[PDB]
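J.: build me a model from this:
(one chain, ligands or ions: 4)
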Amino acid sequence: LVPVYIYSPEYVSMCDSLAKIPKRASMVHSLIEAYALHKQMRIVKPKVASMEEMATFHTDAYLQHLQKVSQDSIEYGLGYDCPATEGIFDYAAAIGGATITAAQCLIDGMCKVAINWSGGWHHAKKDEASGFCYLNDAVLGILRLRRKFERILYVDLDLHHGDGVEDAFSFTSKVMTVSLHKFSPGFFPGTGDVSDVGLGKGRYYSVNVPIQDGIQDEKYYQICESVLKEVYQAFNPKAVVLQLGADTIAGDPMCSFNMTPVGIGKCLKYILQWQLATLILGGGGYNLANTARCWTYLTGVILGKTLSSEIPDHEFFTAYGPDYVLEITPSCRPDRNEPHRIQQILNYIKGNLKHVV
Ligand SMILES: CN(C)c1ccc(C(=O)NCCCCCCC(=O)NO)cc1
Ligand SMILES: [Co+2]
Ligand SMILES: [K+]
Ligand SMILES: [K+]
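T.: Residues are numbered from 1 along each chain as shown. Ligands and ions are numbered 1, 2, ... in the order given. Find the structure here:
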């Protein structure tokens with residue numbers, strides 16, 4: 001009954017070493033902990049991913065290059081996007097096996113909810129590092145759930161289209177990928193439009209909710225709930241893998257959406273309320289301070305608690321200036337989202353979302 005928390009001082013400090021999000025893992029942990037939230041969670045040391053466990057989704061031709069590069073890489077996407085910095089491999093198996101580990105504690109009755117905030121890398125392709133993802137811990141996790149479950153539902157709430165995971169299963173009807181993400185021309189990865197729904201026996205079992213800048217907790221919880229509404233029926237999932245990137249939270253430098261940990265919390269509540277096994281992953285999130293606030297607050301809903309509004313003093317207490325409160329206030333900017341356009345989509349989806357069984 002006690003949610004699993006994938007921790008380990010080794011792990012956390014292993015993640016801290018990721019260039020793009022320095023010490024993010026720590027700030028997240030320390031804050032979640034300085035809230036005594038781990039006192040109500042089944043902490044579990046995460047295992048390192050085996051070369052054969054990663055070989056479950058990634059080609060060996062690729063897994064190979066990753067290993068012999070963490071001492072013509074430009075062929076695996078190892079450039080400015082995903083630099084081949086020494087050790088990124090030892091790091092990959094870390095986050096990967098860390099998600100697989102949480103997958104297990106889910107199919108072991110060990111809990112109805114496993115959490116691993118350091119995971120979420122969804123852009124990673126079968127044989128190609130993409131958008132800061134060198135391994136696709138999400139796919140690796142979904143593939144571990146496929147052992148005890150027959151229909152896994154992946155829900156990507158990160159600001160970017162969860163493509164890597166989507167393609168990983170676009171040809172299957174056993175895993176349905178839903179993704180709410182800003183869609184616009186020139187904005188990464190650029191894929192994932194409402195039209196996009198997969199192929200093969202997996203046609204339609206791929207959902208996409210292209211949103212514009214500004215969307216706040218209101219219009220968001222509606223779109224998310226309604227879209228999940230249809231999906232909980234048409235698909236009737238067994239397990240759930242939810243990606244919760246916090247780069248959709250007013251504050252992030254990505255400066256696109258304009259949510260707060262609350263809107264995303266409603267969605268989380270609505271999904272938790274199906275009581276199916278749920279694997280929680282984090283992902284993007286560029287306002288280190290804010291990111292920790294958002295996930296801690298989310299850890300707080302998963303635990304059903306109501307966290308203190310004032311930010312407890314902890315190692316990084318300094319970085320929550322200049323208000324030192326757990327809440328985020330929406331930016332004072334517009335909502336380029338047409339109420340009418342949202343409708344066309346919500347329907348086009350409702351439409352496609354039916355030919356399912
Ligand atoms: C200010 N600065 C130095 C930069 C700003 C933006 C990017 C970028 O978006 N690059 C393209 C790849 C973006 C990947 C985002 C990964 C993500 O959040 N996935 O969910 C790079 C550098
Ligand atoms: Co993102
Ligand atoms: K997304
Ligand atoms: K699919």
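J.: taking the chain, what residue is nearest to ligand 2?
T.: Closest approach between the chain and ligand 2, counting by CB to the ion: residue 284, at 2.5 Å. Placement of C-beta: from N, CA and C, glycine included.
J.: can you list phi and psi of that residue for me?
T.: phi -50, psi 160 (degrees, to the nearest 10).
J.: contacts only, for it.
T.: Going by CB atoms under 8 Å, 6 or more residues apart in numbering, residue 284 touches 120, 158, 159, 160, 245, 246, 247, 254.
J.: ok, now which ones touch the closest residue to the first one other than its chain neighbours?
T.: To tie it back to what came earlier, the one meant is residue 120. Using CB to CB, 6 or more residues apart in numbering and skipping the chain neighbours, the partner closest in space to residue 120 is residue 283 (2.4 Å). Residues counted as contacts of residue 283 (CB under 8 Å, 6+ apart) are 119, 120, 121, 122, 158, 243, 244, 245, 246, 247.
J.: need the contact list for the closest residue to ligand 3 within the stretch 1-150 of the chain.
T.: Ligand 3 sits closest to residue 122 of the stretch 1-150 of the chain, with a gap of 7.6 Å, by CB to the ion. Contacts for residue 122 (CB under 8 Å, 6+ apart) come out as 133, 136, 138, 156, 158, 160, 162, 163, 164, 165, 243, 283.
J.: hmm, back to that, mind checking which of the contacts of residue 283 are in strands?
T.: Per DSSP state E, strands hold the following members of the contacts of residue 283: residue 243.
J.: in a markdown table, list the contacts of residue 283 along with distance to ligand 4.
T.: Output for the contacts of residue 283, formatted as a markdown table (distance: CB to the ion, whole Å):
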| residue | distance to ligand 4 |
| --- | --- |
| 119 | 20 |
| 120 | 19 |
| 121 | 19 |
| 122 | 14 |
| 158 | 18 |
| 243 | 15 |
| 244 | 20 |
| 245 | 20 |
| 246 | 25 |
| 247 | 24 |
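J.: restrict the contacts of residue 283 to those near ligand 1?
T.: Applying CB under 6 Å from any ligand atom to the contacts of residue 283, one finds that 158, 245, 247 fall near ligand 1.
J.: circling back: look up the closest residue to the residue of the stretch 1-150 of the chain closest to ligand 3, ignoring the ones flanking it.
T.: Per CB to CB, 6+ apart, closest to residue 122 is residue 162, 4.1 Å.
J.: I'd say that neighbour and residue 179 touch.
T.: Yes - with contact defined as CB atoms under 8 Å, residue 162 reaches residue 179; the gap is 4.6 Å.
J.: spell out which parts of the stretch 51-200 of the chain neighbour ligand 1.
T.: 81, 123, 131, 132, 158, 160, 188.
J.: just the buried members of those?
T.: 123, 131, 132, 158, 160, 188 (16 or more other CB atoms under 10 Å).
J.: OK, contacts around the residue of the chain found nearest ligand 4?
T.: In the chain, the residue that lies nearest ligand 4 is residue 205 (3.5 Å; CB to the ion). Residue 205 makes contact with 169, 172, 173, 175, 176, 177, 197, 198, 235, 356, according to CB under 8 Å, 6+ apart.
J.: reformat the residues you listed as CSV; add neighbour count and secondary structure.
T.: Formatted as CSV, these follow (neighbours: other CB atoms under 10 Å; DSSP: H, G, I helix; E, B strand; the rest coil):
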residue, neighbour count, secondary structure
169, 22, coil
172, 17, coil
173, 17, coil
175, 28, strand
176, 24, strand
177, 30, strand
197, 20, coil
198, 22, coil
235, 21, coil
356, 17, coil
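J.: circling back to that earlier point, which of residue 162 and residue 179 has more neighbours?
T.: Higher neighbour count among residue 162 and residue 179: residue 162, with 30 against 27, using other CB atoms under 10 Å.
J.: mind jotting down where the helices sit in the stretch 1-150 of the chain?
T.: Ranges of helices in the stretch 1-150 of the chain, per DSSP state H, counting those that start in this stretch, are 9-16, 24-33, 51-54, 60-67, 88-107, 137-145.
J.: return the most buried member of the ones you listed.
T.: When the helices of the stretch 1-150 of the chain are scored by mean count of other CB atoms under 10 Å, the highest mean neighbour count falls to helix 137-145 (a mean of 27).
J.: is that helix positioned near ligand 2?
T.: No - on the criterion CB under 5 Å from the ion, helix 137-145 is out of touch with ligand 2, staying 12.7 Å away.
J.: show me what counts as buried in stretch 311-328.
T.: Applying 16+ other CB under 10 Å to stretch 311-328 flags 311, 312, 314, 316, 320, 326, 328 as buried.
J.: possible to save those as CSV with distance to residue 218 and secondary structure?
T.: Shown next, in CSV, are these (distance: CB to CB, whole Å; DSSP: H, G, I helix; E, B strand; the rest coil):
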residue, distance to residue 218, secondary structure
311, 26, coil
312, 30, coil
314, 32, coil
316, 31, coil
320, 26, helix
326, 20, coil
328, 15, coil
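J.: please give me every residue in contact with the spatially most central residue of the chain.
T.: Central residue of the chain (CA atoms, centre = their mean): residue 243, 2.1 Å from the mean position. The contact partners of residue 243, by CB under 8 Å, 6+ apart, come to 120, 122, 138, 154-158, 162, 165, 281-283.
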